[PDB]
Amino acid sequence: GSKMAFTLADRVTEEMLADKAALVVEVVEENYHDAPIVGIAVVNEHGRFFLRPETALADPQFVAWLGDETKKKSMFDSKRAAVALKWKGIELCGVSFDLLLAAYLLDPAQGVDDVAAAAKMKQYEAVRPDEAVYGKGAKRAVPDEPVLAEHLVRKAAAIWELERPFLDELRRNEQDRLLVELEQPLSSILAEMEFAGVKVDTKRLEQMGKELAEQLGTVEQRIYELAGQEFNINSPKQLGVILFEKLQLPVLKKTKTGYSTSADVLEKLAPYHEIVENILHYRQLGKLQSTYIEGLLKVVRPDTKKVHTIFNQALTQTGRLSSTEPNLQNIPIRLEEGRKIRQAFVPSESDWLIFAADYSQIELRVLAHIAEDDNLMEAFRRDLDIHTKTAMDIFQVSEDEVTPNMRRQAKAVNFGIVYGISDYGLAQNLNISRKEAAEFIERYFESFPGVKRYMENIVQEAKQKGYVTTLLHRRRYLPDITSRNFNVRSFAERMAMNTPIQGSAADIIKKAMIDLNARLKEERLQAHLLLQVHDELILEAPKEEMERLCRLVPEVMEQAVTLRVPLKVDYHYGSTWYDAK
DNA sequence: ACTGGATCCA
DNA sequence: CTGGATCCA
Ligand SMILES: Cn1cnc2c(O)nc(N)nc21
Ligand SMILES: [Ca+2]
């Protein structure tokens, strides 16, 4: 179509080093760790400039400019640029605006993943989607210099022009401090985390993988004996044919293409045939083997024996982070065979230890705070076992009349309450009927009328405003809250109930990370953040710092915000992640 | 099936 | 160009 004017520079000049600029330090590899910087673009009051990285990054004044906190840069996905630079021994500072995080706050549902998607939100279309320039995947190539250079300049141009309107809307939404004081500082901390990585004991993992391949070989053969034939145990067609046609097992549930084989269903079928328990066992081992063992071993960098996740800070609808390549927010814990995987996550230096602090029932505590339910707030003020308390109220029994099955039902009710309670959902979860679920629910609201009030109020608020909000003013638009379709409307209503809870808990732990990173430097500790797992933080530190951390970390996490109820943090440390329990 | 995720599989 | 199964908070 048209061409944007810019200087294709081949040396750094002084006018490129103004104290405010849009900056693009482009990394095209999806995974940016130790990845190439393919080009650089600067747009400031003086003009528009493209620089080849091998020039710019070898230039002393440019590098000094990058690291000077007083020279302000506007960017998109500054964490990607900061991390690729960290791997090159270069420090990036003074990022005062990140367009990706600004777009995220304004509307998490837009799924902005390039400068073009963010630009579209304010009707600016003078820039191409990255996919148009680079291609899909495995055809994805860096193009030739004139194509590349104009593209980076156009993105930088967009960033320069869109700061004002993004900030104005953030300000109108009261989300400007959310971006400036929370999401942007947190982005620097995440960059440090990702870069630091987590040391992995690959021999431990290789040996677990060996035992797994052993057991898996045994179970697989047994399965073939019992089926009287070989088949692909991971094929849905083939396993369905064996269970339900050759062995004539009852069909308790269908998927929309065939028979359900979820573990749920399989447990009911166990009484009928010895094959079932074995398939369950195979699925358990096979998940461990192919996802955790083989998966982790594939992404460990052999140069450092570390894994360097990426924490996606602009993806979830609620404001949580997610983690990819590897996902280190889903390492097994609940069953012991899987938990053993955590034995392979080790401190990065000798005589250091892993330290883990987790919030105790933050969501339920946030809910008490938001709903101001007198009885919920008393329960946490009396630091009660919340599930046992809910069993007492719903079943009207005394503490020592609470049976294990009673506590289990009340636990499930507590989960449903935070998720957005559903008589069907609870009934499915508990394997009971909707009418019996409805009465648990009804008993819950009699015991906790402030919470019922909150669930009613928040749905009406979502309806009238068009969105819900968290404690630190994160927003989520719920246009389906008025659908005439029952399923669709009900789902929005759950999102209305859950999002201030889940999202406020995200707000809190994010603030806690920022506060903690400041306190650790103030305290001159060598301890640092490795991971966040929604309501927990994992650090590593010299053994000599364990005692100060036992007091410091819970204190900081507990005081991140002050609610109508206290927050409670437990901590553990040990020589592996497995032992910090 | 009552929230939010990621990855392996076919 | 996915949707089922299963691991996490
Ligand atoms: C075998 N195989 C590879 N990719 C696939 C996909 O997307 N769907 C299905 N059904 N099979 C696939
Ligand atoms: Ca497909």
Side-chain angles (χ1 to χ4, degrees), chain A residues 108 136-137 231-240 253-266 279-280 282-296 298-299 309-312 315-335 337-339 341-342 358-364 367 412-432 434 437-438 440-441 444 455 468 476 487 490-506 509 531-537:
Chain A
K136 216 170 138 70
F231 65 105
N232 181 14
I233 301 153
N234 329 300
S235 163
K237 198 147 86 75
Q238 301 186 42
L239 180 71
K253 203 180 218 170
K254 266 179 291 209
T255 48
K256 37 154 217 163
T257 31
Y259 319 100
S260 178
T261 72
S262 77
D264 190 27
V265 174
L266 261 24
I279 285 160
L280 284 164
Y282 189 87
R283 287 253 188 98
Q284 201 231 2
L285 305 162
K287 174 70 137 189
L288 287 183
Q289 180 79 307
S290 74
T291 298
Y292 299 98
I293 300 298
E294 286 167 21
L296 256 11
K298 185 153 302 173
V299 283
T309 190
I310 295 176
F311 289 105
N312 305 297
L315 184 151
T316 77
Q317 295 311 300
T318 57
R320 282 184 176 188
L321 306 182
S322 69
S323 163
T324 56
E325 236 192 325
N327 185 359
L328 297 172
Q329 309 178 314
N330 78 336
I331 307 312
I333 190 168
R334 315 215 269 240
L335 297 173
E337 309 89 312
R339 189 174 203 148
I341 305 289
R342 301 179 171 228
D358 67 293
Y359 288 101
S360 183
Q361 300 300 324
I362 190 163
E363 284 179 317
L364 277 177
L367 174 57
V413 170
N414 286 323
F415 276 74
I417 286 296
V418 344
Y419 290 162
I421 193 79
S422 165
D423 55 18
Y424 285 95
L426 183 59
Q428 195 281 336
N429 181 257
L430 279 173
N431 195 205
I432 67 191
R434 61 131 292 280
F440 290 168
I441 294 168
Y444 185 89
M455 304 293 174
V468 290
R476 181 181 190 190
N487 285 354
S490 295
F491 191 20
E493 275 172 348
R494 293 194 297 271
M495 294 189 184
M497 295 175 209
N498 176 251
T499 297
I501 307 178
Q502 190 182 122
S504 300
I509 189 170
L531 310 165
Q532 185 254 47
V533 194
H534 314 304
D535 67 345
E536 63 190 35
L537 300 176

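Just so you know, these numbers use all the heavy atoms, side chains as well, and skip hydrogens, waters and symmetry mates. Note on naming: letters A, B, ... go to the chains in the order of the sequence lines (proteins, then strands), and numbering restarts at 1 for each one.
For the pair A:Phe311 and A:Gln329, the tightest heavy-atom approach, listed with the atom from each and the gap, is CE2-NE2, 3.9 Å. Here the closest heavy-atom approach between residue A:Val468 and residue A:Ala496 is recorded as CG1-O, 3.9 Å. Closest approach of A:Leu328 to A:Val533, counting heavy atoms only: O-CG2, 4.0 Å. Shortest non-hydrogen contact noted between A:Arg342 and A:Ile331 is NH2-O, 2.9 Å.
Backbone-only contact: A:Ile331 has heavy atoms under 4.0 Å from sugar-phosphate atoms and none from a base. Residue A:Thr257 is classed as having no contact, given no heavy-atom separation below 4.0 Å to the nucleic acid. Base contact: A:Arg334 has a heavy atom under 4.0 Å from a base atom. The residue A:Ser490 sits apart from the nucleic acid: no heavy atom pair falls under 4.0 Å. Base engagement by A:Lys253 is indicated by at least one non-hydrogen atom pair under 4.0 Å involving a base atom. Residue-level contact check: A:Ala263 touches the backbone only, with heavy atoms under 4.0 Å from sugar-phosphate atoms and none from bases.
Remark: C1' of B:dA1 and NZ of A:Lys256 are 16 Å apart, rounded to the nearest angstrom.
C:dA9 and B:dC2 have their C1' atoms separated by 16 Å, given to the nearest Å.
Here A:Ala438 pairs with A:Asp423, A:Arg434 under the side chain to side chain contact (heavy atoms under 4.5 Å, CB included) rule; sequence neighbours left out.
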Nucleotide-resolved protein contact map, nucleotides 3-10 of chain B, B/S/- at heavy-atom distance under 4.0 Å: BBBSSSSS

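South is the pucker assigned to the sugar of B:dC8, its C1'-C2'-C3'-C4' torsion being negative. At C:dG4 the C1'-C2'-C3'-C4' dihedral is negative, so the sugar adopts a south, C2'-endo-type conformation.
Between the side chain of A:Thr316 and the backbone N or O of A:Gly319, at least one donor-acceptor pair lies under 3.5 Å.
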